[PDB]
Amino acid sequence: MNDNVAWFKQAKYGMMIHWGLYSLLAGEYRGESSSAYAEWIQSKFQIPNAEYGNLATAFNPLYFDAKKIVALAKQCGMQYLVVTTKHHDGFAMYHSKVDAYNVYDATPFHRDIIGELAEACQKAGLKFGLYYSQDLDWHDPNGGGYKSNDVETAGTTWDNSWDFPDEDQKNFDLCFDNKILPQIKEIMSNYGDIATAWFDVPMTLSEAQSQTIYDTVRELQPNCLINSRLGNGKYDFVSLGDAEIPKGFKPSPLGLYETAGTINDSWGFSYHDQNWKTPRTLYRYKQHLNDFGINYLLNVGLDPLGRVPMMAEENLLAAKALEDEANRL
């Protein structure tokens, strides 16, 4: 049986990690601010791939410690960790054989960060989940989003429209066949048992492309629960937006629910964003979600040195002290 179903129902609390090249710019570019989402900075300022990709040469997070990050999650009662394997910028945070645009090949750090977090989660008894941008890829000429630019974004366009301005010649199929599916096979084959699969903004993928991803994860990771944002109705648990939380909606036939939130207002690390939700806010939101059978996936944006920001760490630990006190009395 898949007892990840029963496990997910009672899991209550997860850590999400956003970490990438965007973390080095830290919500700032040439004296101007990112939107609230610092991880969208490449689109926000239309930073050419040649320049943005050169951030890889400065990626050397000397204080990255997968063990200490997992130990914080565990101390907070988090039962799983979801990490960005590849965000919208298309930079892989694992050793990708199909694309050299990755943290292993292109940075002096020269380490597989997904691998180190997979190993740390295994040793601590935490379940391990993977975030992958299956639609948007700003590094790929045929990256998705080029049909969706009638709606505003946390950057400029959904796609890379500056390096790749000819929208009528764009064919996502090529990106899907050559990068998206090959990379999904890599992350689902090389990093042990994957509990959760976190797909984002499905704007371009056909039904068939969503189905192919679903079928691939099922084959490689039989017990992996797929998030409702894969597109076109292919999933195991529903990712609820802030507006969808109890006081259209997606059916959840397994009754599995998760809301992702961040501690400040950005997913990626941002120097200027000190708007940290208080311990009381974190604990009360958690209790509310859990009471309605919804998992709280709570995001950390690691800094350029690979660190949990001091205030993210203090607020997580203080929320846990409030929770433990509330559960004793």
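Residue indices: 1-based, along the sequence shown.
- Unmodelled deposited residues between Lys247 and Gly248: 10 or more, per the record.
- Between the stretches 137-145 and 168-176, it is 168-176 that shows the larger average CA temperature factor.
- The mean Cα B-factor in the deposited entry runs higher for 148-156 than for the other of 148-156 and 108-116.
- Out of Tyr132, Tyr80, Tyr257, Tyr214, the entry records its largest CA B-factor for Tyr214.
- Remark: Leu72 belongs to the lowest third of its chain, ranked by C-alpha B-factor as recorded.
- Placement of the Cα temperature factor of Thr196 within the chain: middle third of the modelled residues, per the deposited record.
- In the PDB entry, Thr84 places in the lowest third of its chain by CA B-factor.
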